[PDB]
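Right, one structure below, let's go through it.
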Amino acid sequence: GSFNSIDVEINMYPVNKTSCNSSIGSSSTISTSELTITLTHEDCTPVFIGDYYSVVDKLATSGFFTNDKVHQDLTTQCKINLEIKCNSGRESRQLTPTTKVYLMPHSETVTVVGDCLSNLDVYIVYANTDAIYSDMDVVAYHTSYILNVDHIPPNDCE
Amino acid sequence: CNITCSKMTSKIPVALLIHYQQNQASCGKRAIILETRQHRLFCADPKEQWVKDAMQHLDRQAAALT
């Protein structure tokens, strides 16, 4: 039941700003002038080492990633909080994922502030890269139709 | 040709990259193919330092795997 790697993938539509500012720290953020994404985690052993954000048209992908050099301590429970805030917002509801069973321990919360996205997918990927076959828990949220972002490269912020 | 190099990709975090390959002369632009953790391919331009370092990095990983 262990894992050693976490990925967060956020796809959004439609978005207008492309210049972006990012930070990995106790509070991890990806910011444009129209959007703010914030990641806090707690008791998570794998370490986040960067984030990304790339847009094609008004279609964007973005997210946060750890390396895979360390496994999750199984005596504590990794907790992932993700907030997606419109700079033009007020109402702050959280989100419900596709139901499903998981082989690894973790908790996650996705909060959304604002109404500026027609489309929003959010994937949290807990992965055990010490597996022979693909060994990933995938917690998925959708607010409408599932966007395709293959073909959009995960560029760093700029 | 599974891929033909139109636009080149701008900087991708070296941590997200898992493989690179020389692209066929026949395929498209004679450039480098990059593979990401998400199982995706993008065409990069070998002259940029970033791509160069990326390559020396994956090269470093492939050795070690041996």
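To be explicit about the labels: the chains of the structure tokens are called A, B, and onward in the order shown, and within each one the residues are counted from 1, while ligands get numbers from 1 in the order they are shown.
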
Q: Return as a ChimeraX atom specification the residues belonging to chain A that are within 6 Å of chain B, counting only C-alpha atoms.
A: /A:154-156

Using only N, CA and C atoms, please write the residues we just selected to a file, as a PDB file, in the first residue's frame.
ATOM      1  N   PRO A 154       3.716  20.698 -20.410  1.00  0.00           N
ATOM      2  CA  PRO A 154       3.725  21.207 -19.032  1.00  0.00           C
ATOM      3  C   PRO A 154       4.859  22.206 -18.827  1.00  0.00           C
ATOM      4  N   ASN A 155       4.730  23.402 -19.387  1.00  0.00           N
ATOM      5  CA  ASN A 155       5.813  24.377 -19.340  1.00  0.00           C
ATOM      6  C   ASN A 155       5.899  25.053 -17.965  1.00  0.00           C
ATOM      7  N   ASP A 156       7.102  25.350 -17.487  1.00  0.00           N
ATOM      8  CA  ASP A 156       7.163  26.137 -16.262  1.00  0.00           C
ATOM      9  C   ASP A 156       6.668  27.554 -16.499  1.00  0.00           C
TER      10      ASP A 156
END

Q: Within 12 Å of residue 6 in chain B, counting only C-alpha atoms, which residues show up once you throw out same-chain ones fewer than 4 positions away? Write them as a ChimeraX atom specification, please.
A: /A:151 /B:27-33,42-45

Q.
Applying 9 Å and only C-alpha atoms, which residues near residue 149 in chain A remain after dropping the ones on its own chain fewer than 2 positions away? List them as a PyMOL selection string.
A. chain A and resi 11+59-61+147+151-153

Q | Close residues, residue 89 in chain A itself excluded, 10 Å, only C-alpha atoms, min 4 positions apart in chain, as a list in words | A |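 Listing them by chain and then by number gives residues 35, 85, 112, 113, 114, 115 and 116 of chain A.
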
Just write the chosen residues, N, CA, C and O atoms, as a PDB file, in the first residue's frame.
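Listing of out_9.pdb after writing:
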ATOM      1  N   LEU A  35      -6.343  34.161 -12.105  1.00  0.00           N
ATOM      2  CA  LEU A  35      -6.459  32.897 -11.402  1.00  0.00           C
ATOM      3  C   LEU A  35      -5.389  32.691 -10.350  1.00  0.00           C
ATOM      4  O   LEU A  35      -4.238  33.091 -10.514  1.00  0.00           O
ATOM      5  N   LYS A  85      -8.963  29.546  -7.155  1.00  0.00           N
ATOM      6  CA  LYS A  85      -9.631  30.808  -6.870  1.00  0.00           C
ATOM      7  C   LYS A  85      -9.616  31.701  -8.105  1.00  0.00           C
ATOM      8  O   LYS A  85      -8.584  31.874  -8.758  1.00  0.00           O
ATOM      9  N   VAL A 112     -13.238  25.359  -4.742  1.00  0.00           N
ATOM     10  CA  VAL A 112     -13.328  26.267  -5.864  1.00  0.00           C
ATOM     11  C   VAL A 112     -13.954  27.578  -5.439  1.00  0.00           C
ATOM     12  O   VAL A 112     -15.002  27.603  -4.788  1.00  0.00           O
ATOM     13  N   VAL A 113     -13.311  28.671  -5.822  1.00  0.00           N
ATOM     14  CA  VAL A 113     -13.873  29.984  -5.583  1.00  0.00           C
ATOM     15  C   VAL A 113     -14.093  30.682  -6.902  1.00  0.00           C
ATOM     16  O   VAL A 113     -13.162  30.812  -7.691  1.00  0.00           O
ATOM     17  N   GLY A 114     -15.322  31.126  -7.137  1.00  0.00           N
ATOM     18  CA  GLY A 114     -15.656  31.816  -8.369  1.00  0.00           C
ATOM     19  C   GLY A 114     -16.441  30.943  -9.330  1.00  0.00           C
ATOM     20  O   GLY A 114     -16.705  29.778  -9.037  1.00  0.00           O
ATOM     21  N   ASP A 115     -16.799  31.504 -10.484  1.00  0.00           N
ATOM     22  CA  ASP A 115     -17.636  30.812 -11.464  1.00  0.00           C
ATOM     23  C   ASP A 115     -17.035  30.913 -12.865  1.00  0.00           C
ATOM     24  O   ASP A 115     -17.696  30.630 -13.864  1.00  0.00           O
ATOM     25  N   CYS A 116     -15.768  31.303 -12.929  1.00  0.00           N
ATOM     26  CA  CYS A 116     -15.141  31.661 -14.199  1.00  0.00           C
ATOM     27  C   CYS A 116     -14.731  30.494 -15.107  1.00  0.00           C
ATOM     28  O   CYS A 116     -14.254  30.710 -16.226  1.00  0.00           O
TER      29      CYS A 116
END

Using the chain letters and numbers from this document, which residues of range 4-65 of chain B does DSSP assign to alpha helix (DSSP H), as an mmCIF file with C-alpha atoms, in the first residue's frame?
data_model
loop_
_atom_site.group_PDB
_atom_site.id
_atom_site.type_symbol
_atom_site.label_atom_id
_atom_site.label_comp_id
_atom_site.auth_asym_id
_atom_site.auth_seq_id
_atom_site.Cartn_x
_atom_site.Cartn_y
_atom_site.Cartn_z
ATOM 1 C CA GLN B 49 20.623 25.409 -23.197
ATOM 2 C CA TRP B 50 17.555 24.172 -21.390
ATOM 3 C CA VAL B 51 17.081 21.328 -23.856
ATOM 4 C CA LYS B 52 20.829 20.599 -23.751
ATOM 5 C CA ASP B 53 20.765 20.260 -19.930
ATOM 6 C CA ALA B 54 17.603 18.204 -20.053
ATOM 7 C CA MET B 55 19.488 15.817 -22.374
ATOM 8 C CA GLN B 56 22.594 15.628 -20.193
ATOM 9 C CA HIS B 57 20.190 14.954 -17.314
ATOM 10 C CA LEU B 58 18.295 12.098 -18.905
ATOM 11 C CA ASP B 59 21.638 10.765 -20.153
ATOM 12 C CA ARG B 60 22.740 10.820 -16.534
ATOM 13 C CA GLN B 61 19.603 8.893 -15.487
ATOM 14 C CA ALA B 62 19.905 6.240 -18.227
#

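Our summary of the geometry notes that CA of residue 96 in chain A is positioned 18.2 Å from CA of residue 41 in chain A.
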
Q. Any idea what the distance is between CA of residue 4 in chain A and CA of residue 26 in chain A?
A.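 That distance, rounded to one decimal, is 19.2 Å.
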
Q) Using the chain letters and numbers from this document, which residues of chain B does DSSP assign to strand (DSSP E), as a PyMOL selection string? A) chain B and resi 17-22+32-36+41-44

Q.
Would you compute the distance between CA of residue 71 in chain A and CA of residue 138 in chain A? Give it in Å to one decimal.
A. 16.9 Å

Q: For residue 136 in chain A, work out the shell of residues within 12 Å, counting only C-alpha atoms and skipping chain neighbours fewer than 2 positions away, then give it as a PyMOL selection string.
A: chain A and resi 1-7+101-105+123-134+138-139

Q. Contacts of residue 118 in chain A at 10 Å or less, counting only C-alpha atoms, minus same-chain residues fewer than 2 places along, as a PyMOL selection string?
A. chain A and resi 12-15+115-116+120+143-145

Atoms to include: N, CA and C atoms. Write the selected residues as a PDB file, in the first residue's frame.
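Okay, this is what ended up in selection_30.pdb:
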ATOM      1  N   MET A  12      -8.204  23.529 -17.207  1.00  0.00           N
ATOM      2  CA  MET A  12      -9.157  24.623 -17.080  1.00  0.00           C
ATOM      3  C   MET A  12      -9.603  25.237 -18.401  1.00  0.00           C
ATOM      4  N   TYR A  13     -10.858  25.688 -18.427  1.00  0.00           N
ATOM      5  CA  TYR A  13     -11.407  26.382 -19.579  1.00  0.00           C
ATOM      6  C   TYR A  13     -12.625  27.232 -19.214  1.00  0.00           C
ATOM      7  N   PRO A  14     -12.672  28.463 -19.746  1.00  0.00           N
ATOM      8  CA  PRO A  14     -11.621  28.988 -20.621  1.00  0.00           C
ATOM      9  C   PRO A  14     -10.775  30.034 -19.897  1.00  0.00           C
ATOM     10  N   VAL A  15      -9.492  30.144 -20.240  1.00  0.00           N
ATOM     11  CA  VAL A  15      -8.589  31.084 -19.576  1.00  0.00           C
ATOM     12  C   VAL A  15      -7.943  32.067 -20.558  1.00  0.00           C
ATOM     13  N   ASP A 115     -16.799  31.504 -10.484  1.00  0.00           N
ATOM     14  CA  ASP A 115     -17.636  30.812 -11.464  1.00  0.00           C
ATOM     15  C   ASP A 115     -17.035  30.913 -12.865  1.00  0.00           C
ATOM     16  N   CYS A 116     -15.768  31.303 -12.929  1.00  0.00           N
ATOM     17  CA  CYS A 116     -15.141  31.661 -14.199  1.00  0.00           C
ATOM     18  C   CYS A 116     -14.731  30.494 -15.107  1.00  0.00           C
ATOM     19  N   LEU A 120     -13.651  22.256 -15.761  1.00  0.00           N
ATOM     20  CA  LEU A 120     -12.571  22.046 -14.804  1.00  0.00           C
ATOM     21  C   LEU A 120     -12.366  20.570 -14.438  1.00  0.00           C
ATOM     22  N   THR A 143     -16.056  19.203 -13.325  1.00  0.00           N
ATOM     23  CA  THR A 143     -17.161  20.131 -13.094  1.00  0.00           C
ATOM     24  C   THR A 143     -18.047  20.225 -14.325  1.00  0.00           C
ATOM     25  N   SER A 144     -17.714  19.425 -15.331  1.00  0.00           N
ATOM     26  CA  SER A 144     -18.436  19.407 -16.600  1.00  0.00           C
ATOM     27  C   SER A 144     -17.777  18.374 -17.491  1.00  0.00           C
ATOM     28  N   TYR A 145     -17.448  18.783 -18.705  1.00  0.00           N
ATOM     29  CA  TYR A 145     -16.829  17.865 -19.641  1.00  0.00           C
ATOM     30  C   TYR A 145     -15.319  17.757 -19.424  1.00  0.00           C
TER      31      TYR A 145
END

Q: Compile the contact shell of residue 40 in chain A as a list in words: residues with an atom at most 10 Å away, counting only C-alpha atoms, same-chain residues fewer than 2 positions apart removed.
A: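 The filter keeps residues 24, 25, 26, 27, 28, 29, 38, 42, 44, 79, 80, 81, 82, 83 and 109 of chain A.
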